[PDB]
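Okay, structure first, notes after.
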Amino acid sequence: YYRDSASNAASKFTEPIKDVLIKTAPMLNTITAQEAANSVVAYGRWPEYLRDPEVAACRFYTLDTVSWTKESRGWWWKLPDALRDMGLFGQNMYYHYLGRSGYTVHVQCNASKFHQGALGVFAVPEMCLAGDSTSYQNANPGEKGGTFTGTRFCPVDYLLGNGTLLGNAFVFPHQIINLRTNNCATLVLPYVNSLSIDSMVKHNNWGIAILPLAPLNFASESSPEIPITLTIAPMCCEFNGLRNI
Amino acid sequence: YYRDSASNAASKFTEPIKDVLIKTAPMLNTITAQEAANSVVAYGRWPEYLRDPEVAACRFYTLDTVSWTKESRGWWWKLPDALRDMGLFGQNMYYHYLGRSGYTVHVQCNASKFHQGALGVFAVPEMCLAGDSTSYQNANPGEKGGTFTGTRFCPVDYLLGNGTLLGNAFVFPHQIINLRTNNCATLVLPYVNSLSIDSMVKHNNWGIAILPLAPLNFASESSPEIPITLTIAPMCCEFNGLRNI
Amino acid sequence: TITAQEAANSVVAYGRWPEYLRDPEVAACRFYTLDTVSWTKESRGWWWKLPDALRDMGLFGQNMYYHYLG
Amino acid sequence: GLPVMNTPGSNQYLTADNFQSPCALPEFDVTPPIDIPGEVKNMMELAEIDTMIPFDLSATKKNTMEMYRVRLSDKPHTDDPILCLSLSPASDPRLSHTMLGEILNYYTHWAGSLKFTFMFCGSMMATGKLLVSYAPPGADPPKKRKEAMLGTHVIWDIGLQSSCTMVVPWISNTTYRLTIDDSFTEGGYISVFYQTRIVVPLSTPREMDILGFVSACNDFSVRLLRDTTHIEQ
Amino acid sequence: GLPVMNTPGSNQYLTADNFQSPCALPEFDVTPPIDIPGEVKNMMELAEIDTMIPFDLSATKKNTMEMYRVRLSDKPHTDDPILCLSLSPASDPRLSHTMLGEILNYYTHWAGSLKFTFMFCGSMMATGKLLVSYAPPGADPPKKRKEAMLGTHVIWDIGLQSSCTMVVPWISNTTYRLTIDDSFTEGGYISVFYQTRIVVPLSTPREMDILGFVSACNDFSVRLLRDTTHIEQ
Amino acid sequence: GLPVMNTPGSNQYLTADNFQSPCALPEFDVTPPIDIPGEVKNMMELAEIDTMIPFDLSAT
Amino acid sequence: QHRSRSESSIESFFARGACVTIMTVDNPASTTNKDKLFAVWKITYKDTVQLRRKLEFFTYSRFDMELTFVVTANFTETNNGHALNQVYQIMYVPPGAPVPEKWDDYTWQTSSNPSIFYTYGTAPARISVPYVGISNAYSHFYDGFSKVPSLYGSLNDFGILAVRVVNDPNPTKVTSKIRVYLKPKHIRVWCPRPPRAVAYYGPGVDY
Amino acid sequence: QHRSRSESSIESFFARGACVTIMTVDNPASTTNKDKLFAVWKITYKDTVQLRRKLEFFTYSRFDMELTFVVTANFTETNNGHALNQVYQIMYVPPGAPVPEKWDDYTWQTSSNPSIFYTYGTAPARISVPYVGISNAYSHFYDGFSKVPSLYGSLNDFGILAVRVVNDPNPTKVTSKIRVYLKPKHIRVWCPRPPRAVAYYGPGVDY
């Protein structure tokens, strides 16, 4: 009746493994090898260029390690904010109007056979946090990251900082590091945003949260606190609107 | 106009004999022979397995006989309740969550040529009875059965215990035993229920009623009371949800 | 399926495999895990009798007690 | 848009109309039906079921087990019928409470044949003969066995047959007849007479019973549905 | 023009109707959609996501991190289960706050299988055995390890497997079951028992933790949408 | 005649609707159009015309 | 054969619309502040003699419902003050949902309950409900108990109908009555039984 | 498989009409010359608990709107003087345009704003608005700021609804209420999130 169509009478979600869909792309080689085939590809989508690109930024950026003690509650970082001062990727970030990229995050924990515990790594898209009241200073802590807390700006661990229970948090892309089975995790995050490209300096695409599901314990006289290391590699980057300097 | 279809502008009843439809199934052999071909198949349906099974329970279970005197008013039993203590069929009944089966009921009366009278056997589906006021103790008398009464829990004979006249009772699957013509009756009851399978311990599929249409009389000095015997054989049984013990 | 890949390092007594009586329950085919026993620094040994040890284990015991031969 | 004109009979509710209506619970999946055994597709299939005729609605033997039996005793008879039954399926008190009567009580016009069956529940050693006679419409009932013998009748031999069947055909000027009518006083009768006495060999009891059943044949029909049930006080 | 008649049900607003309506902003071009990665096309796709079961809703360990852990200590046991969980996905306080519970809370009828997973977060040098048993509907929960051994169970060996999976099938007389019901007190149970003690090699801590996750299989379904959320005071 | 049901949104005037209407002067012949030179078919064709930018809106 | 059996069919024997209930509501005066009345009625056939007695011929049944509403109103006092046109909300609560308990309440807000808004003086309102049940057929007679050593004969659940007047109080009290006409559709029945006599019937199979 | 997943679909889960607002207007007495009231309401889903909570399961969304209006009226005093039929103007102001500030004003003249003229006592008025937005989808959660060293979590703009009574004042004051029923259509969602509890919710992601 009417030509305008406003009224006409009317496996890929559960953190797919790399080998399932894309196995011909072990180009990651060289911070780890043979663990790239047990990685999770978020939403079963591989980062890709904008269809109908720097080389230095392809490298890995190993942030500082953090100490998992018998008291820690959790840690979190923001992407791309966490890489706002890492060499040429940060340079490009600050001297362009628009930019886009995916990420590859590798988390590692150095532990002996006499340590026990479990960690969960979650990749929240548009991770709007909240404390217990925000400013630009709180939502962007930099590579230093921030720390959750139990019962400054420190969200609540069991609510994930946004009012939703921690147990349900497994809807987000996630992985589990159980010290007695494996001690490495890998997430391949594609570009997620309502716009096809956006200003990096104002908008954080992703947030990364690490929470201890089972506390740390160890045999007597061992190391009382173990280190956790993050390694982030941008993928398929591209920027437009280059300014001077 | 509308896709949802809630609004689109819009011989087998009279107790068929076995030979009519299914004659190639005289597998009943061995409590009686040559009377299996004059049996009635309720609603013209043969019991069958659940399409897209015990062996011991296949046997016949001969309940106690009951005495038809010159004063009796009637007797009734419930299926499967009547077989709640008969060996392995009862064992399976009590140690499963769900179960289904049909039945074959054989009624016999031992009488001489100088006795006269007539009995009617009726197979009521969902035989909800009522007295003259029920509890679980009344509706389930066991293999002992219950007795109707004329003008405890004892329904009214001429109303069949449910308020409907006895004469109309012939709508139900039925048979007539006239002592001067024959003294045996056989009913093949299929499984009737709104659900495809149900808990046997709580729900009685069938009820069997025996009522004297014409009282008993005999020549002087004969036996003043004759015996009536029931023999029940489950058919195409099957149970699910096996518990321990 | 109580163990796998250890079935190939088992011993067959007298090199004879159990067999039916030539010229059969299904429930009794299951495994029956008796209670565990504690090996301390003082124990001397333990012993059981077959089929007596299974005289109260479900349907195998039922069949044992309600038949003349087995 | 499209020119239209509203005819008489619009914005009215007729309780006998057949129009599509809007569904209230769309996007809902219904429990599929299963193959339950005994399916009834027409209410005439229920009228073709034989049911016992209450022969004694007398207050003495009313609403009990004695009202379905007809007793044959040893006392001498007076050439009067054992039982005489009118053929008003919905206007005879002894025939309106059967299944046929209760299906006819929901309609106004009926038409078809009937079938009666009588069953003898006496001893195996008894012998005798009975005369079952049918008097057509417009004829008053017979009163002596000779009168009934000259009509349409069958001799039922108690001794070699236990049940006797009699089919009453369909006779009427019109294609249909009213279930409830007055002044008709016709439709015929079915009567049972003592053609012969009943003989027994020994101390065998000399009192027998007979039962009756009524049914509709495969050419019966009803129409003009009428319901009058009400519990008002 | 054309004669027409107005049926009942005209000039009424039914909040569940599906009719074409006039557009308010014609001649307007909408921003085309882009290929955003994670697209959800059915709400059952969200029920198939494993989420941790809060095992300790006790006021002490309520709304914290301790309520998701089950502790295995070194103290002697009394042959009672480590944990026993009912199978009411929308009627058990410890199972209604999961993603499955919150999707079931928006409907009335549910039907399908479930799957539970248990994860052991102890040392790599520990060894032992646990017994995971499933009690079907209509059977009260087992209370001793021998009773559970005679049912349907699996022996999970802590020492060569870190996670144990158990699939609960679909059993019911009806094709669907009510999410919220009372007096049912059935659906079965899942219990965990100490088949064997836990052995450690050295000063290794003797206190372990285990976590649990619940999910719905690919044959789950719901129907008869019902919403009762209200902030009224 | 034909059964019909009246949906919501009837006997209302929406100022953005596109419905056929009854002509008031039928059987009337209109003056045919002629081929005047400069025909505009879209308002963007007018935005593609260079126009001078006022650089000094100072009150002076 | 020039006689047909098409008037004794199940559809012909059952599919006929009859009044099942009369629900009273009112809009009170704006001076006196007494609560505005609203009507609630659970769908059940055990109050109409004719439909029930025609259903007890059988034991298992299936059918959809077609509901029509006939609304009438009247002033309840001799006052010159008048009222404007009135709109009625007629809410259908499916089987298993909460029932309203006050005239203003979240139950007249839930997106789950479908409602009809009917303006006085127009064609009667109509809807159709499908076969809503957890078993494969309704059961008029049920030889069973809920709990074994509990109710003897299951009861069928069809829904609930609630009705109120959307308009806020006028200065004149006006009372309204809605008559509900039900029509079974696409009906099937199984396993015939003898019919009962007219003895006021009963709540169960009791007599 | 005789069971379908077609009732948990996104369209089935969301596309249901629910009342979002009640807007009050009135036509005052011609004796007292107080200003005629008019109603203004900005389209937003952050006042209906149910719709919002069902939307927060996800982060990005797209859908069209279907709006229906149910109008009721009443006299507000016991006077024998009466009124004629009333016509209501219901103006939709798209996102980005000025909002009316007085009952008589050029905003109820602009050819840009589409209006509906609805005569009391007829079928409810209805319209459909398409997906109006500058991005390729609505965003319920936005981790960003407008200005960098500013609001933390973008807000969605849908339009405005204004309502008045075209009729000039009668000698009788009559008050009217319009209930707006909204129905999302052709909806798509992305990137599921855990749901929040019923803690009155909140204005943002704050708790």
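In order, the protein sequence lines correspond to chains B, B', B'', C, C', C'', A and A'. A prime marks a further copy of an entry chain. Read in order, the letters of the first sequence correspond to residues 32 to 41, 51 to 69, 91 to 113, 125 to 205, 212 to 229, 242 to 335 in the entry's author numbering. Read in order, the letters of the second sequence correspond to residues 32 to 41, 51 to 69, 91 to 113, 125 to 205, 212 to 229, 242 to 335 in the entry's author numbering. Read in order, the letters of the third sequence correspond to residues 91 to 113, 125 to 171 in the entry's author numbering. The fourth sequence begins at 1 in the entry's author numbering and counts up one residue at a time. The fifth sequence begins at 1 in the entry's author numbering and counts up one residue at a time. The sixth sequence begins at 1 in the entry's author numbering and counts up one residue at a time. Read in order, the letters of the seventh sequence correspond to residues 68 to 216, 227 to 230, 233 to 286 in the entry's author numbering. Read in order, the letters of the eighth sequence correspond to residues 68 to 216, 227 to 230, 233 to 286 in the entry's author numbering. Idealized CB from N, CA, C, for every residue including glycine.
Is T135 of chain A close to chain C? Criterion is C-beta to C-beta, closer than 8 angstroms. The residue you call residue 135 of chain A lines up with position 68 of the seventh sequence. Judged by the 8 angstroms Cβ criterion, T135 of chain A is in contact with chain C.
Out of curiosity, what's the CA-to-CA distance linking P205 of chain C' and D74 of chain C'? Against the fifth sequence, residue 205 of chain C' aligns to sequence position 205. Against the fifth sequence, residue 74 of chain C' aligns to sequence position 74. Going by the C-alpha atoms only, they are around 9 angstroms apart.
Where do the ends of the alpha helix (DSSP H) carrying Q215 of chain B' lie? As a working note, residue 215 of chain B' is residue 137 in the second sequence. Membership of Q215 of chain B' in the alpha helix (DSSP H) is indicated by the continuous run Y214 to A217.
Note down the Cα distance separating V199 of chain C from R270 of chain B', rounded to an integer number of angstroms. Within the fourth sequence, the letter at position 199 stands for residue 199 of chain C. Within the second sequence, the letter at position 180 stands for residue 270 of chain B'. Separation of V199 of chain C and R270 of chain B' (C-alpha to C-alpha, rounded to the nearest whole angstrom) is 16 angstroms.
Would you please verify whether the beta carbon of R272 of chain A is less than 8 angstroms from any beta carbon of chain B'? By 1-based counting over the seventh sequence, the position of residue 272 of chain A is 193. Nearest CB-CB separation between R272 of chain A and chain B': below the 8 angstroms threshold.
Using the DSSP secondary-structure output, state which residues sit across from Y134 of chain C in a beta bridge. Here residue 134 of chain C corresponds to residue number 134 of the fourth sequence, with the count starting at 1. Residue pairing for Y134 of chain C: DSSP places it in a beta bridge opposite C:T152 and C:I190.
In terms of residues, what are the limits of the alpha helix (DSSP H) holding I103 of chain C? Residue numbering aside, residue 103 of chain C sits at position 103 when the fourth sequence is read from its first letter. Residues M99 to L104.
Mind checking who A195 of chain B' pairs with in its DSSP beta bridge? For this step, residue 195 of chain B' is matched to residue 123 along the second sequence. DSSP output for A195 of chain B' lists B':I298 as bridge partner(s).
Taking only the alpha-carbon atoms, compute the straight-line gap between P263 of chain A' and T189 of chain A and give it to the nearest angstrom. Here residue 263 of chain A' corresponds to residue number 184 of the eighth sequence, with the count starting at 1. Here residue 189 of chain A corresponds to residue number 122 of the seventh sequence, with the count starting at 1. For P263 of chain A' and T189 of chain A, the distance between alpha carbons rounds to 29 angstroms.
Assign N94 of chain A to one of three DSSP states: helix, strand, or coil. In the seventh sequence, residue 94 of chain A corresponds to position 27, counting from 1. Shown here, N94 of chain A sits in a strand according to DSSP, grouped into three states.
I need the boundaries of the alpha helix (DSSP H) containing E78 of chain A', first residue and last residue. Here residue 78 of chain A' refers to the residue found at position 11 when the eighth sequence is read from its first residue. Membership of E78 of chain A' in the alpha helix (DSSP H) is indicated by the continuous run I77 to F81.
Can you give me the start and stop residues for the beta strand (DSSP E) that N330 of chain B' sits inside? Position 240 of the second sequence, counted from the start, is the residue given in the question as residue 330 of chain B'. Where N330 of chain B' is concerned, the enclosing beta strand (DSSP E) stretches over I316 to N330.
Under DSSP, the alpha helix (DSSP H) around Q163 of chain B' begins and ends at which residues? Reading the second sequence from its first residue, position 91 is the one you call residue 163 of chain B'. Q163 of chain B' -> alpha helix (DSSP H) spans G159 to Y166.
Just mark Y187 of chain A' as buried or exposed, buried being the case when its beta carbon has 16 or more other beta carbons within 10 Å. Working through the eighth sequence from its first residue, we reach residue 187 of chain A' at position 120. Buried is the label assigned to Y187 of chain A', since at least 16 other Cβ atoms lie within 10 Å of its Cβ.
Can you give me the C-alpha to C-alpha distance between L240 of chain A' and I157 of chain A', rounded to a whole angstrom? Here residue 240 of chain A' corresponds to residue number 161 of the eighth sequence, with the count starting at 1. Here residue 157 of chain A' corresponds to residue number 90 of the eighth sequence, with the count starting at 1. Cα to Cα, the separation comes out at about 7 angstroms.
Give me the Cα-Cα distance between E45 of chain C and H207 of chain A, rounded to the nearest whole angstrom. For this step, residue 45 of chain C is matched to residue 45 along the fourth sequence. For this step, residue 207 of chain A is matched to residue 140 along the seventh sequence. C-alpha of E45 of chain C to C-alpha of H207 of chain A: approximately 21 angstroms in a straight line.
Residues of its chain near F132 of chain B'', where Cβ-Cβ distance is below 6 angstroms and the 5 sequence neighbours each way are ignored: By one-based count along the third sequence, residue 132 of chain B'' stands at place 31. Its chain contains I92 as the residues whose beta carbon lies nearer than 6 angstroms to that of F132 of chain B'', once the 5 sequence neighbours on both sides are disregarded; these appear in chain order.
My output table needs one value for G171 of chain B'': the three-state DSSP class, helix, strand or coil. The residue labelled residue 171 of chain B'' in the question sits at position 70 within the third sequence. Collapsing the DSSP output to three states places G171 of chain B'' in coil.
In whole angstroms, what separates the C-alpha of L170 of chain B' from that of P219 of chain B'? As a position in the second sequence, residue 170 of chain B' is number 98, starting the count at 1. As a position in the second sequence, residue 219 of chain B' is number 141, starting the count at 1. Distance between the alpha carbons of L170 of chain B' and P219 of chain B': 22 angstroms.
State the Cα-Cα distance for the pair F213 of chain C' and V199 of chain A', rounded to the nearest angstrom. Numbered from its first residue, the fifth sequence carries residue 213 of chain C' at position 213. Numbered from its first residue, the eighth sequence carries residue 199 of chain A' at position 132. Straight-line Cα distance between these residues: approximately 41 angstroms.
Note down, one range per segment and in chain order, each beta strand (DSSP E) of at least 3 residues found wholly within the segment 100–142 of chain A. You should have 106–109 and 127–142.
Within 8 angstroms, strictly: CB atoms of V40 of chain C and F55 of chain C: Numbered from 1 along the fourth sequence, position 40 holds the residue referred to as residue 40 of chain C. Numbered from 1 along the fourth sequence, position 55 holds the residue referred to as residue 55 of chain C. Contact flag unset, no.
Indicate the three-state DSSP secondary structure (helix, strand or coil) for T174 of chain A' in the structure shown. Here the question's residue 174 of chain A' lines up with position 107 in the eighth sequence. In this structure, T174 of chain A' counts as helix in the three-state DSSP scheme.
For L14 of chain C, the nearest candidate out of A:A192, A:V196, A:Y185 and A:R70 (CA to CA): Counting from 1 along the fourth sequence, the entry for residue 14 of chain C is found at position 14. Of all alpha-carbon atoms in A:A192, A:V196, A:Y185 and A:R70, the one lying nearest the alpha-carbon of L14 of chain C is that of A:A192.
Mind listing which residues of the segment 204–230 of chain C' have their C-beta closer than 9 angstroms to chain C's C-betas, in chain order? Residues of the segment 204–230 of chain C' whose Cβ lies closer than 9 angstroms to any Cβ of chain C, in chain order: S221, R223, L224 and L225.
Using a Cβ cut-off of 7 angstroms, which residues of the segment 256–268 of chain B' contact any Cβ in chain A, in chain order? Listed by position along the chain: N258, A259 and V261.
Test item: CB-CB of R145 of chain B' and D35 of chain B' under 8 angstroms: To locate residue 145 of chain B', count along the second sequence from 1; it is residue 73. To locate residue 35 of chain B', count along the second sequence from 1; it is residue 4. It is not a contact, given that the beta carbons lie outside the stated cut-off.
Run the CB neighbour count on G224 of chain B, radius 10 Å, all protein chains shown included, and call it buried at 16 or more, exposed below. Indexing the first sequence from 1 puts residue 224 of chain B at position 146. In this structure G224 of chain B is buried. Its beta-carbon is surrounded by 16 or more other beta-carbon atoms within 10 angstroms.
Measure the beta-carbon distance from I298 of chain B' to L151 of chain B' and round it to whole angstroms, keeping in mind my assumption that it falls under 8 angstroms. Residue numbering aside, residue 298 of chain B' sits at position 208 when the second sequence is read from its first letter. Residue numbering aside, residue 151 of chain B' sits at position 79 when the second sequence is read from its first letter. Correct: roughly 7 angstroms between the Cβ atoms.
Of the choices C:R145, C:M65, C:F28 and C:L25, whose alpha-carbon is the least far from that of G257 of chain B'? Residue 257 of chain B' sits at position 167 when you count from the first residue of the second sequence. Of the residues C:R145, C:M65, C:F28 and C:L25, the one whose Cα lies closest to the Cα of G257 of chain B' is C:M65.
Taking Cβ-Cβ distances shorter than 8 angstroms, what residues in chain A' pair up with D29 of chain C? Here residue 29 of chain C refers to the residue found at position 29 of the fourth sequence. Annotation: Cβ neighbours of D29 of chain C in chain A' (cutoff 8 angstroms, chain order): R70, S71, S73 and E74.
Residue span of the alpha helix (DSSP H) that contains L61 of chain B, given as start and end: Here residue 61 of chain B is taken as the residue at index 21 of the first sequence, counted from 1. Under the DSSP assignment, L61 of chain B falls in the alpha helix (DSSP H) whose first and last residues are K58 to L61.
Given that a residue counts as buried once 16 or more other Cβ atoms are within 10 Å of its Cβ, and exposed if not, what is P201 of chain C'? Here residue 201 of chain C' refers to the residue found at position 201 when the fifth sequence is read from its first residue. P201 of chain C' sits exposed, since fewer than 16 C-beta atoms from the chains shown fall within 10 Å of its C-beta.
Within the same chain, show all residues whose beta-carbon is closer than 8 angstroms to that of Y166 of chain B', passing over the 5 residues directly before and after it, in chain order. Taking the first residue of the second sequence as position 1, residue 166 of chain B' is located at position 94. Excluding residues within five positions, the ones whose Cβ falls inside 8 angstroms are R156 and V291.
Hey, is the segment 75–93 of chain C' in contact with the segment 15–23 of chain C'', meaning 3+ C-beta pairs nearer than 8 angstroms? With the cut-off at 8 angstroms, the segment 75–93 of chain C' and the segment 15–23 of chain C'' do not touch.
Just the chain C' side, please: which residues come within less than 9 angstroms of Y169 of chain B by C-beta, in chain order? Counted from its first residue, the first sequence places residue 169 of chain B at position 97. Within chain C', no residue has its beta carbon less than 9 angstroms from that of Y169 of chain B; the closest one is some 19 angstroms off.
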